[PDB]
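Chemist: Quick one: experimental structure and sequence below.
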Amino acid sequence: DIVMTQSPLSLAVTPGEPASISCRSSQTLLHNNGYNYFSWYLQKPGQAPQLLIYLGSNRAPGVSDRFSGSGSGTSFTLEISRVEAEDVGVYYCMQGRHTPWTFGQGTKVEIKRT
Amino acid sequence: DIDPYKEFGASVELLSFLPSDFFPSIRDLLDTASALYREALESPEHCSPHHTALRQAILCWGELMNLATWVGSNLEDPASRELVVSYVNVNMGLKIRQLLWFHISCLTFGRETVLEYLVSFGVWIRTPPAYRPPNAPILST
Amino acid sequence: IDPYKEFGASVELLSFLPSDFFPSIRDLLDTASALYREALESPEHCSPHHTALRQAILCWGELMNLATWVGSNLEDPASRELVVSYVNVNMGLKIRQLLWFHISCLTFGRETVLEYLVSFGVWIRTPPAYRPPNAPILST
Amino acid sequence: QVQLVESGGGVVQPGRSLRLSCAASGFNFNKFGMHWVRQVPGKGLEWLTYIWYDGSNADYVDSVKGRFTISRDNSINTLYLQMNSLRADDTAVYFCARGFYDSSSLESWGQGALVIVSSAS
């Protein structure tokens, strides 16, 4: 039912510089508990997906501080202060306000060629 | 460091000896309080401490019901609700049932006989079932 | 069905008092305990506000027991934080109000409490431009 | 840390039906829910269905609505996903996961297994 959206589709980062990615959702995610149900996932070729941010603005256990995010309502952004060589992958955002669950379109990162 | 029944001459253990089956349902107690003592329940009077205990129990349990409704509404995980409502309703409400029955009975028949009924019930239960007389003593009138 | 009716007060009369200007829980707990433990411990049965305070403390004890039990079990970590925050913040307003009322009458006398309670309504209503600087205290 | 291992994946002849195996251990199965995730090559993740601890309720997406079913056997703590009326668009690797951050996002993800349908061998 919910239409998901992501942007930009691609973003190549010189490593050591900050970067931001934006994911947008149609319907509001502010429940009556003051919380927002939004997710940040990390996926690696040949590996299972891993968690990035939980509950909208809380870091998942064991995740390095290099990744941070914030936002509320229908707008959110994923920010990485310093890009490391192991950060290459395709990122996803998900919705869990109302069933059925819907996923985004994806965002893959790489190194800007010379 | 609080003995709620000490102000009437009874102790917690007296009622603790009473099994759970004996106390009536919560709805029964609330209906009795509404029907049989509403007129003077709201009105102002002196002494009558039992009135004050009943009045504060009704507010406490109303607040608990509000909590149950609020947790039912929100609380997105689907399982927890069963455990939460179980603990709030069956386990915590036992004390409310405990106090409501004590005070309601005290109002209808007074301390004169309820204490004796309690001591007699304790004496009956303490002995083993083998030599226990046929049936449990009734409060009667 | 009325929390205070028999003290010559009404739930609407306490509305004028803003929720924020109440005292913290532990202060009322200590003020009741230290001063009036002896009053709690007596065979005499009178001033039913004594029993009322005995019911309030019992209710707080039960709520704290529930809080610790939830702290113990309840596997999702968050739900736990939500419930703890709710019980700590939202759940205590009525008890706090009750403690304030009963202590106030328990400390000085009723007429002094009723005077303070109707007067304090003046402070909030007046405009800041010409409002007097200080607000009214219970005093004694 | 909980470890989940799947089984039963492989090639299946067209027109038939297949059942996949996803078992879990090291945590209280009766106290948490389960979810199914799918990935055909070339696209991203897609949610399919989920079941609650009791199992009385269930939900489905419109793509496979009425043709897939999920059930659990709490005696052995094993998940089950039944596939019928398979199509060429269903060729994908399947993952079963568990979510416990207040019932919103999946936390531990299994290794997954791929399912392939075709006539050649």
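Modeler: Arrived safely. Residues are numbered from 1 along each chain as shown, chains lettered A, B, ... in the order given.
Chemist: On the three-state scheme, residue B:87 is what?
Modeler: With DSSP: H, G, I helix; E, B strand; the rest coil as the basis, the three-state label of residue B:87 is helix.
Chemist: In this structure it contacts residue C:69, no?
Modeler: Yes - here residue B:87 reaches residue C:69: they are 7.4 Å apart, a contact under CB atoms under 8 Å. All C-beta atoms are positioned from the backbone trio N, CA, C, and that covers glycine.
Chemist: Next, count neighbours for the spatially closest residue to residue D:17 that is not a sequence neighbour.
Modeler: Closest residue to residue D:17 apart from its sequence neighbours, by CB to CB, 6 or more residues apart in numbering or on different chains: residue D:84 at 4.5 Å. Residue D:84 is flanked by 13 other residues according to other CB atoms under 10 Å in any protein chain shown.
Chemist: What segments of chain B are helices?
Modeler: Remark: helices assigned in chain B by DSSP state H are B:12-16, B:26-42, B:49-73, B:80-86, B:93-109, B:111-126.
Chemist: hmm, the fourth one touching chain A?
Modeler: So the one you mean is helix B:80-86. No - using CB under 8 Å from any CB of the partner chain, helix B:80-86 never reaches chain A; the gap is at least 13.0 Å.
Chemist: can you list contacts of that helix?
Modeler: Applying CB atoms under 8 Å, 6 or more residues apart in numbering or on different chains, the contact partners of helix B:80-86 are B:68, B:71-72, B:75, C:73-74, C:76, C:79.
Chemist: For chain A, see how far away the residue of chain B found nearest chain D is.
Modeler: The minimum distance from chain B to chain D, using CB to the nearest CB, falls at residue B:77 (3.8 Å). Taking CB to the nearest CB, to the nearest Å as the measure, residue B:77 falls 11 Å from chain A.
Chemist: ok, that residue - how many residues close by?
Modeler: 22.
Chemist: since we're on the residue in chain D positioned nearest to chain B, how many residues are nearby?
Modeler: Chain D approaches chain B most closely through residue D:103 (3.8 Å), counting by CB to the nearest CB. Other residues within reach of residue D:103, judged by other CB under 10 Å, total 20.
Chemist: who's in contact with the nearest residue to it once chain neighbours are set aside?
Modeler: Using CB to CB, 6+ apart and skipping the chain neighbours, the partner closest in space to residue D:103 is residue B:77 (3.8 Å). Residue B:77 makes contact with C:76, C:79, D:102-103 under the criterion CB under 8 Å, 6+ apart.
Chemist: now do 10 Å
Modeler: By CB atoms under 10 Å, 6 or more residues apart in numbering or on different chains, the contact list for residue B:77 reads C:74-76, C:78-79, D:31-33, D:52-53, D:99-104.
Chemist: again with residue B:52
Modeler: Going by CB under 10 Å, 6+ apart, residue B:52 touches B:103, C:6, C:48-52, C:54-55.
Chemist: would you turn the residues you listed into a markdown table with distance to residue A:108?
Modeler: Listed next are these as a markdown table, based on distance: CB to CB, whole Å:
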| residue | distance to residue A:108 |
| --- | --- |
| B:103 | 70 |
| C:6 | 72 |
| C:48 | 72 |
| C:49 | 70 |
| C:50 | 71 |
| C:51 | 70 |
| C:52 | 66 |
| C:54 | 66 |
| C:55 | 63 |
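Chemist: how deep is the closest residue to chain C within chain D tucked in, by neighbour count?
Modeler: Residue nearest to chain C within chain D: residue D:102 (4.0 Å; CB to the nearest CB). Residue D:102 has 23 neighbours, counted by other CB under 10 Å.
Chemist: what does chain A put close to chain C?
Modeler: Within chain A, the positions near chain C by CB under 10 Å from any CB of the partner chain are A:33-35, A:54-55, A:58, A:61.
Chemist: Flag every residue of chain B that's near chain A.
Modeler: B:70, B:73-76.
Chemist: Check the residues you listed for burial and list the buried ones.
Modeler: Neighbour counting with 16 or more other CB atoms under 10 Å in any protein chain shown marks B:75-76 as buried within the residues of chain B next to chain A.
Chemist: Export the residues of chain B next to chain A as a markdown table, with columns for distance to residue D:20.
Modeler: Below are the residues of chain B next to chain A laid out as a markdown table (distance: CB to CB, whole Å):
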| residue | distance to residue D:20 |
| --- | --- |
| B:70 | 41 |
| B:73 | 37 |
| B:74 | 35 |
| B:75 | 32 |
| B:76 | 28 |
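Chemist: which one of the residues of chain B next to chain A is nearest chain C?
Modeler: So of the residues of chain B next to chain A, ranked by how close each gets to chain C (CB to the nearest CB), first place is residue B:75, at 6.8 Å.
Chemist: Please tell me how far the closest one sits from residue B:52.
Modeler: The gap separating residue B:75 from residue B:52 is 34 Å, by CB to CB, to the nearest Å.
Chemist: Just flag the most distant two among the contacts of residue B:52.
Modeler: Using CB to CB, the contacts of residue B:52 span at most 17.5 Å, a distance reached by B:103 and C:49.
Chemist: Residue D:65 and residue D:59 touch, don't they?
Modeler: Yes - with contact defined as CB atoms under 10 Å, residue D:65 reaches residue D:59; the gap is 9.4 Å.
Chemist: any residues in contact with both of the two?
Modeler: A:100, D:49.
Chemist: Between those two, which is the more surrounded one?
Modeler: Using other CB under 10 Å, the more surrounded residue of residue D:65 and residue D:59 is residue D:59, with 15 against 11.
Chemist: Assign a three-state SS to residue A:53, would you?
Modeler: strand.
Chemist: What helix or strand is the closest residue to chain C within chain A located in?
Modeler: Nearest residue of chain A to chain C, counting by CB to the nearest CB: residue A:33, 6.0 Å away. Using DSSP states H and E, residue A:33 is not contained in any helix or strand.
Chemist: what sits against the residue lying closest to it once chain neighbours are set aside?
Modeler: For residue A:33, ignoring the flanking residues on the chain, the nearest one in space by CB to CB, 6+ apart is residue B:74 at 5.3 Å. Applying CB under 10 Å, 6+ apart, we find residue B:74 in contact with A:31-33, A:35, B:81, C:79, C:82, C:86.
Chemist: Tell me the residues on chain D that lie near chain C, please.
Modeler: So far as CB under 10 Å from any CB goes, chain D lies against chain C at D:27-28, D:31-32, D:99-104.
Chemist: Quick check: the two most widely separated of those?
Modeler: Largest separation among the residues of chain D next to chain C by CB to CB: D:28 and D:104, giving 18.8 Å.
Chemist: Compare those two and say which is more crowded by neighbours.
Modeler: residue D:104 (25 against 9).
Chemist: How about the contacts made by the more buried one?
Modeler: A:35-39, A:54-56, A:94-97, A:101, B:76-77, C:76, C:78.
Chemist: swap the cut-off to 6 Å and go again
Modeler: Counting by CB atoms under 6 Å, 6 or more residues apart in numbering or on different chains, residue D:104 makes contact with A:37, A:96.
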